[PDB]
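Coordinates as given in input_10.cif (mmCIF, C-alpha atoms):
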data_entry
#
loop_
_atom_site.group_PDB
_atom_site.id
_atom_site.type_symbol
_atom_site.label_atom_id
_atom_site.label_comp_id
_atom_site.auth_asym_id
_atom_site.auth_seq_id
_atom_site.Cartn_x
_atom_site.Cartn_y
_atom_site.Cartn_z
ATOM 1 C CA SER A 22 69.362 -26.027 55.611
ATOM 2 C CA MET A 23 67.895 -28.419 53.080
ATOM 3 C CA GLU A 24 68.423 -25.827 50.253
ATOM 4 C CA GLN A 25 72.237 -25.733 50.997
ATOM 5 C CA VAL A 26 72.359 -29.549 50.759
ATOM 6 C CA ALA A 27 70.450 -29.564 47.366
ATOM 7 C CA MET A 28 72.881 -26.864 46.078
ATOM 8 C CA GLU A 29 75.800 -29.000 47.276
ATOM 9 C CA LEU A 30 74.329 -32.087 45.560
ATOM 10 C CA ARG A 31 74.266 -29.985 42.255
ATOM 11 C CA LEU A 32 77.889 -28.804 42.789
ATOM 12 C CA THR A 33 78.756 -32.449 43.438
ATOM 13 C CA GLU A 34 77.059 -33.545 40.266
ATOM 14 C CA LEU A 35 78.699 -30.734 38.222
ATOM 15 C CA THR A 36 82.007 -31.919 39.688
ATOM 16 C CA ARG A 37 81.179 -35.449 38.537
ATOM 17 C CA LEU A 38 80.463 -34.252 34.989
ATOM 18 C CA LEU A 39 83.551 -31.917 34.948
ATOM 19 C CA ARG A 40 85.773 -34.818 36.094
ATOM 20 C CA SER A 41 84.673 -36.829 33.083
ATOM 21 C CA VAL A 42 85.157 -33.776 30.780
ATOM 22 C CA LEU A 43 88.637 -33.394 32.297
ATOM 23 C CA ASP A 44 89.512 -37.013 31.552
ATOM 24 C CA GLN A 45 88.330 -36.739 27.971
ATOM 25 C CA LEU A 46 90.344 -33.524 27.423
ATOM 26 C CA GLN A 47 93.443 -34.966 28.909
ATOM 27 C CA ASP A 48 93.176 -38.029 26.545
ATOM 28 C CA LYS A 49 93.615 -35.571 23.711
ATOM 29 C CA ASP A 50 97.120 -34.906 25.152
ATOM 30 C CA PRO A 51 98.763 -38.365 24.924
ATOM 31 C CA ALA A 52 102.203 -36.660 24.841
ATOM 32 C CA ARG A 53 101.468 -35.235 28.397
ATOM 33 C CA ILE A 54 102.674 -31.737 27.345
ATOM 34 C CA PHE A 55 99.921 -30.127 29.542
ATOM 35 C CA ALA A 56 99.903 -32.581 32.540
ATOM 36 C CA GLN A 57 101.973 -30.591 34.961
ATOM 37 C CA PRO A 58 102.892 -26.941 35.568
ATOM 38 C CA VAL A 59 105.666 -25.479 33.471
ATOM 39 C CA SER A 60 108.863 -25.879 35.681
ATOM 40 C CA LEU A 61 110.228 -22.525 36.878
ATOM 41 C CA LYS A 62 113.515 -24.388 37.521
ATOM 42 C CA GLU A 63 113.634 -25.349 33.790
ATOM 43 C CA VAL A 64 112.018 -22.101 32.346
ATOM 44 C CA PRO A 65 113.161 -19.502 34.882
ATOM 45 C CA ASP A 66 111.790 -16.538 32.801
ATOM 46 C CA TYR A 67 108.301 -18.125 32.426
ATOM 47 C CA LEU A 68 106.406 -15.767 34.707
ATOM 48 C CA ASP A 69 107.813 -12.720 32.850
ATOM 49 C CA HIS A 70 105.881 -14.089 29.833
ATOM 50 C CA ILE A 71 102.863 -15.842 31.266
ATOM 51 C CA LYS A 72 100.903 -14.192 34.086
ATOM 52 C CA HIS A 73 98.469 -16.994 34.897
ATOM 53 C CA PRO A 74 100.010 -20.430 34.295
ATOM 54 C CA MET A 75 97.726 -23.433 34.078
ATOM 55 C CA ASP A 76 98.002 -27.208 33.608
ATOM 56 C CA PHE A 77 95.827 -30.331 34.023
ATOM 57 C CA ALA A 78 97.122 -31.228 37.508
ATOM 58 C CA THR A 79 96.352 -27.754 38.852
ATOM 59 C CA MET A 80 92.810 -27.993 37.268
ATOM 60 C CA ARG A 81 92.348 -31.406 38.914
ATOM 61 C CA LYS A 82 93.260 -30.051 42.393
ATOM 62 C CA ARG A 83 90.646 -27.296 41.953
ATOM 63 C CA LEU A 84 88.090 -29.768 40.635
ATOM 64 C CA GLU A 85 88.471 -32.109 43.667
ATOM 65 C CA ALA A 86 88.032 -29.231 46.103
ATOM 66 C CA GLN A 87 84.769 -28.525 44.153
ATOM 67 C CA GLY A 88 86.265 -25.173 43.214
ATOM 68 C CA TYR A 89 84.508 -24.926 39.798
ATOM 69 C CA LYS A 90 81.041 -23.314 40.356
ATOM 70 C CA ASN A 91 80.026 -23.567 36.647
ATOM 71 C CA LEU A 92 81.343 -24.836 33.236
ATOM 72 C CA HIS A 93 82.475 -21.302 32.292
ATOM 73 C CA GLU A 94 85.114 -21.272 35.083
ATOM 74 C CA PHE A 95 86.365 -24.712 34.047
ATOM 75 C CA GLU A 96 86.620 -23.622 30.364
ATOM 76 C CA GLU A 97 88.510 -20.469 31.392
ATOM 77 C CA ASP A 98 91.244 -22.694 32.943
ATOM 78 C CA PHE A 99 91.304 -24.997 29.871
ATOM 79 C CA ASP A 100 91.656 -22.000 27.598
ATOM 80 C CA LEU A 101 94.624 -20.734 29.714
ATOM 81 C CA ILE A 102 96.395 -23.998 29.153
ATOM 82 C CA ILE A 103 96.067 -23.592 25.370
ATOM 83 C CA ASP A 104 96.477 -19.878 25.161
ATOM 84 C CA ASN A 105 99.572 -19.679 27.405
ATOM 85 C CA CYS A 106 101.238 -22.345 25.267
ATOM 86 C CA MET A 107 100.486 -20.571 21.958
ATOM 87 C CA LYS A 108 101.973 -17.341 23.208
ATOM 88 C CA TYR A 109 105.145 -18.747 24.882
ATOM 89 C CA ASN A 110 106.013 -21.164 22.061
ATOM 90 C CA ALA A 111 106.473 -20.372 18.394
ATOM 91 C CA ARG A 112 104.159 -21.594 15.678
ATOM 92 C CA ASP A 113 106.704 -24.144 14.332
ATOM 93 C CA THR A 114 107.155 -26.021 17.692
ATOM 94 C CA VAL A 115 105.841 -29.305 18.888
ATOM 95 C CA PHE A 116 104.373 -27.492 21.920
ATOM 96 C CA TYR A 117 102.371 -24.943 19.925
ATOM 97 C CA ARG A 118 101.131 -27.607 17.553
ATOM 98 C CA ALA A 119 100.089 -29.759 20.500
ATOM 99 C CA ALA A 120 97.986 -26.905 21.864
ATOM 100 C CA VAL A 121 96.282 -26.358 18.546
ATOM 101 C CA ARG A 122 95.395 -30.042 18.397
ATOM 102 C CA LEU A 123 94.092 -30.070 22.023
ATOM 103 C CA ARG A 124 91.994 -26.979 21.329
ATOM 104 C CA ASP A 125 90.440 -28.477 18.154
ATOM 105 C CA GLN A 126 89.729 -31.838 19.748
ATOM 106 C CA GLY A 127 88.638 -30.412 23.081
ATOM 107 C CA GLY A 128 86.051 -28.249 21.255
ATOM 108 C CA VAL A 129 83.884 -31.281 20.467
ATOM 109 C CA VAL A 130 83.874 -32.462 24.099
ATOM 110 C CA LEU A 131 83.105 -28.975 25.425
ATOM 111 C CA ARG A 132 80.266 -28.474 22.938
ATOM 112 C CA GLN A 133 78.425 -31.525 24.314
ATOM 113 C CA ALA A 134 79.305 -30.726 27.946
ATOM 114 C CA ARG A 135 77.595 -27.331 27.635
ATOM 115 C CA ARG A 136 74.464 -29.091 26.319
ATOM 116 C CA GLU A 137 74.598 -31.611 29.312
ATOM 117 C CA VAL A 138 75.071 -28.857 31.918
ATOM 118 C CA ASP A 139 72.083 -26.902 30.494
ATOM 119 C CA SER A 140 70.081 -30.135 29.989
ATOM 120 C CA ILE A 141 70.471 -31.653 33.542
ATOM 121 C CA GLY A 142 70.533 -28.065 35.043
#
Show this structure as structure tokens.
Amino acid sequence: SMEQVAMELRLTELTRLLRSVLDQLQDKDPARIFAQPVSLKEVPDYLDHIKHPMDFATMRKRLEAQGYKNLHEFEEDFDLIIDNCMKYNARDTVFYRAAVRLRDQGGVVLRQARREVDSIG
């Protein structure tokens, strides 16, 4: 159907906008603390602590399969990255502080992305 195609064009466009959001968020992580999944070889207890791990590479795989239906889903995954880090690591650690900084800086990007998603539809 033509409707299914128009819907798919919208998903495709959302994916385009989310890809750019993703790149801007990841630039706020020049240390690359959040680039890849936490290694279960290097933190073998991790899954006892964190039930839903997340990282920028895993978000990117989902993105490129057009697996984000709306901005809310994409923000849920970004929030996991931050929130998982702030629970597993103590307040005095470079990791925790990096998550705080990513959260604060990412907020600005996300604020405008919500306006653009509403605006373009």
Report the closest atom pair, with its distance in Å rounded to one decimal, for each residue of range 32-58 of chain A that has an atom no farther than 10 Å from range 99-104 of chain A; count only C-alpha atoms, sort by chain and then rising residue number, and write it as CSV.
residue,atom,partner,partner_atom,distance
A:43,CA,A:99,CA,9.1
A:46,CA,A:99,CA,8.9
A:55,CA,A:102,CA,7.1
A:56,CA,A:102,CA,9.9
A:58,CA,A:102,CA,9.6
*Run the PyMOL selection byres ((chain A and resi 106-120) around 10) on the file and write out the hits as a VMD selection string.*
chain A and resid 49 to 55 59 67 70 to 71 74 to 75 100 to 105 121 to 126
_Since I can't run it myself right now, could you work out what the PyMOL selection byres ((chain A and resi 84-87) around 9) selects here and report it as a PyMOL selection string?_
chain A and resi 32-33+35-36+39-40+79-83+88-90+95
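A straight line drawn from CA of residue 25 in chain A to CA of residue 96 in chain A is 25.2 Å long.
CA of residue 134 in chain A is positioned 8.0 Å from CA of residue 38 in chain A.
Pairwise distance (CA of residue 98 in chain A, CA of residue 28 in chain A) equals 23.0 Å.
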*Return the single residue from A:92, A:48, A:41, A:68 that is closest to residue 138 in chain A, with distances computed using all atoms listed in the file.*
A:92
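Of the residues under consideration (A:76, A:139, A:69, A:94), A:76 shows the shortest atom-to-atom contact distance to residue 57 in chain A when counting only C-alpha atoms.
With all atoms listed in the file as the atoms that count, the minimum distance from residue 44 in chain A to the choices A:23, A:93, A:141, A:77 is reached by A:77.
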Extending 5 Å beyond the listed atoms of range 60-71 of chain A on each side, what axis-aligned box results? I want centre and edge lengths in Å to one decimal, as lines of an AutoDock Vina configuration file.
center_x = 108.2
center_y = -19.3
center_z = 33.7
size_x = 20.8
size_y = 23.2
size_z = 17.7
*Which of these, A:45, A:60, A:91, A:22, has the shortest distance to residue 135 in chain A once you count all atoms listed in the file?*
A:91
Can you sort out range 109-131 of chain A so it carries N, CA, C and O atoms, written as a PDB file, keeping the file's coordinate frame?
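As written to disk, part.pdb reads:
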ATOM      1  N   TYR A 109     103.751 -18.488  24.468  1.00  0.00           N
ATOM      2  CA  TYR A 109     105.145 -18.747  24.882  1.00  0.00           C
ATOM      3  C   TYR A 109     105.955 -19.447  23.785  1.00  0.00           C
ATOM      4  O   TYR A 109     107.072 -19.031  23.504  1.00  0.00           O
ATOM      5  N   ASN A 110     105.343 -20.391  23.084  1.00  0.00           N
ATOM      6  CA  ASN A 110     106.013 -21.164  22.061  1.00  0.00           C
ATOM      7  C   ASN A 110     105.681 -20.700  20.675  1.00  0.00           C
ATOM      8  O   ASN A 110     104.519 -20.345  20.359  1.00  0.00           O
ATOM      9  N   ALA A 111     106.674 -20.731  19.798  1.00  0.00           N
ATOM     10  CA  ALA A 111     106.473 -20.372  18.394  1.00  0.00           C
ATOM     11  C   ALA A 111     105.634 -21.365  17.621  1.00  0.00           C
ATOM     12  O   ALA A 111     105.523 -22.565  17.955  1.00  0.00           O
ATOM     13  N   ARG A 112     105.050 -20.845  16.559  1.00  0.00           N
ATOM     14  CA  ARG A 112     104.159 -21.594  15.678  1.00  0.00           C
ATOM     15  C   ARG A 112     104.743 -22.909  15.123  1.00  0.00           C
ATOM     16  O   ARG A 112     104.035 -23.889  14.974  1.00  0.00           O
ATOM     17  N   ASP A 113     106.044 -22.945  14.867  1.00  0.00           N
ATOM     18  CA  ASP A 113     106.704 -24.144  14.332  1.00  0.00           C
ATOM     19  C   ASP A 113     107.115 -25.264  15.388  1.00  0.00           C
ATOM     20  O   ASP A 113     107.860 -26.212  15.067  1.00  0.00           O
ATOM     21  N   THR A 114     106.639 -25.172  16.627  1.00  0.00           N
ATOM     22  CA  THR A 114     107.155 -26.021  17.692  1.00  0.00           C
ATOM     23  C   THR A 114     106.165 -27.103  17.979  1.00  0.00           C
ATOM     24  O   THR A 114     104.925 -26.912  17.805  1.00  0.00           O
ATOM     25  N   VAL A 115     106.690 -28.230  18.456  1.00  0.00           N
ATOM     26  CA  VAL A 115     105.841 -29.305  18.888  1.00  0.00           C
ATOM     27  C   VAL A 115     104.854 -28.861  19.993  1.00  0.00           C
ATOM     28  O   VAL A 115     103.736 -29.328  20.054  1.00  0.00           O
ATOM     29  N   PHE A 116     105.265 -27.962  20.860  1.00  0.00           N
ATOM     30  CA  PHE A 116     104.373 -27.492  21.920  1.00  0.00           C
ATOM     31  C   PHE A 116     103.186 -26.725  21.388  1.00  0.00           C
ATOM     32  O   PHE A 116     102.027 -26.925  21.837  1.00  0.00           O
ATOM     33  N   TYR A 117     103.449 -25.776  20.474  1.00  0.00           N
ATOM     34  CA  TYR A 117     102.371 -24.943  19.925  1.00  0.00           C
ATOM     35  C   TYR A 117     101.405 -25.829  19.163  1.00  0.00           C
ATOM     36  O   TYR A 117     100.167 -25.721  19.283  1.00  0.00           O
ATOM     37  N   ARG A 118     101.974 -26.713  18.355  1.00  0.00           N
ATOM     38  CA  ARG A 118     101.131 -27.607  17.553  1.00  0.00           C
ATOM     39  C   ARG A 118     100.288 -28.535  18.433  1.00  0.00           C
ATOM     40  O   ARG A 118      99.123 -28.893  18.102  1.00  0.00           O
ATOM     41  N   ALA A 119     100.856 -28.938  19.529  1.00  0.00           N
ATOM     42  CA  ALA A 119     100.089 -29.759  20.500  1.00  0.00           C
ATOM     43  C   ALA A 119      98.907 -29.026  21.111  1.00  0.00           C
ATOM     44  O   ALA A 119      97.843 -29.630  21.332  1.00  0.00           O
ATOM     45  N   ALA A 120      99.061 -27.710  21.350  1.00  0.00           N
ATOM     46  CA  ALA A 120      97.986 -26.905  21.864  1.00  0.00           C
ATOM     47  C   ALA A 120      96.886 -26.694  20.831  1.00  0.00           C
ATOM     48  O   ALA A 120      95.716 -26.708  21.183  1.00  0.00           O
ATOM     49  N   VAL A 121      97.253 -26.476  19.561  1.00  0.00           N
ATOM     50  CA  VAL A 121      96.282 -26.358  18.546  1.00  0.00           C
ATOM     51  C   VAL A 121      95.411 -27.624  18.475  1.00  0.00           C
ATOM     52  O   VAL A 121      94.167 -27.521  18.316  1.00  0.00           O
ATOM     53  N   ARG A 122      96.062 -28.778  18.522  1.00  0.00           N
ATOM     54  CA  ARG A 122      95.395 -30.042  18.397  1.00  0.00           C
ATOM     55  C   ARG A 122      94.450 -30.301  19.589  1.00  0.00           C
ATOM     56  O   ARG A 122      93.312 -30.745  19.387  1.00  0.00           O
ATOM     57  N   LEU A 123      94.908 -29.976  20.785  1.00  0.00           N
ATOM     58  CA  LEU A 123      94.092 -30.070  22.023  1.00  0.00           C
ATOM     59  C   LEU A 123      92.884 -29.156  21.988  1.00  0.00           C
ATOM     60  O   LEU A 123      91.787 -29.561  22.359  1.00  0.00           O
ATOM     61  N   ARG A 124      93.068 -27.927  21.502  1.00  0.00           N
ATOM     62  CA  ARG A 124      91.994 -26.979  21.329  1.00  0.00           C
ATOM     63  C   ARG A 124      90.911 -27.551  20.356  1.00  0.00           C
ATOM     64  O   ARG A 124      89.685 -27.553  20.652  1.00  0.00           O
ATOM     65  N   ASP A 125      91.358 -27.995  19.187  1.00  0.00           N
ATOM     66  CA  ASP A 125      90.440 -28.477  18.154  1.00  0.00           C
ATOM     67  C   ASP A 125      89.613 -29.684  18.611  1.00  0.00           C
ATOM     68  O   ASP A 125      88.377 -29.703  18.470  1.00  0.00           O
ATOM     69  N   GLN A 126      90.319 -30.641  19.200  1.00  0.00           N
ATOM     70  CA  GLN A 126      89.729 -31.838  19.748  1.00  0.00           C
ATOM     71  C   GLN A 126      88.914 -31.619  21.005  1.00  0.00           C
ATOM     72  O   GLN A 126      87.863 -32.251  21.182  1.00  0.00           O
ATOM     73  N   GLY A 127      89.391 -30.752  21.886  1.00  0.00           N
ATOM     74  CA  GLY A 127      88.638 -30.412  23.081  1.00  0.00           C
ATOM     75  C   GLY A 127      87.316 -29.720  22.797  1.00  0.00           C
ATOM     76  O   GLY A 127      86.358 -29.825  23.600  1.00  0.00           O
ATOM     77  N   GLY A 128      87.266 -28.981  21.682  1.00  0.00           N
ATOM     78  CA  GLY A 128      86.051 -28.249  21.255  1.00  0.00           C
ATOM     79  C   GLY A 128      84.798 -29.106  21.182  1.00  0.00           C
ATOM     80  O   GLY A 128      83.717 -28.689  21.594  1.00  0.00           O
ATOM     81  N   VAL A 129      84.978 -30.326  20.690  1.00  0.00           N
ATOM     82  CA  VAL A 129      83.884 -31.281  20.467  1.00  0.00           C
ATOM     83  C   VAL A 129      83.312 -31.716  21.828  1.00  0.00           C
ATOM     84  O   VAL A 129      82.102 -31.726  22.031  1.00  0.00           O
ATOM     85  N   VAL A 130      84.214 -32.015  22.758  1.00  0.00           N
ATOM     86  CA  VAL A 130      83.874 -32.462  24.099  1.00  0.00           C
ATOM     87  C   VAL A 130      83.138 -31.360  24.865  1.00  0.00           C
ATOM     88  O   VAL A 130      82.141 -31.606  25.542  1.00  0.00           O
ATOM     89  N   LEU A 131      83.660 -30.150  24.744  1.00  0.00           N
ATOM     90  CA  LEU A 131      83.105 -28.975  25.425  1.00  0.00           C
ATOM     91  C   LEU A 131      81.728 -28.574  24.893  1.00  0.00           C
ATOM     92  O   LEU A 131      80.873 -28.135  25.663  1.00  0.00           O
TER      93      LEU A 131
END
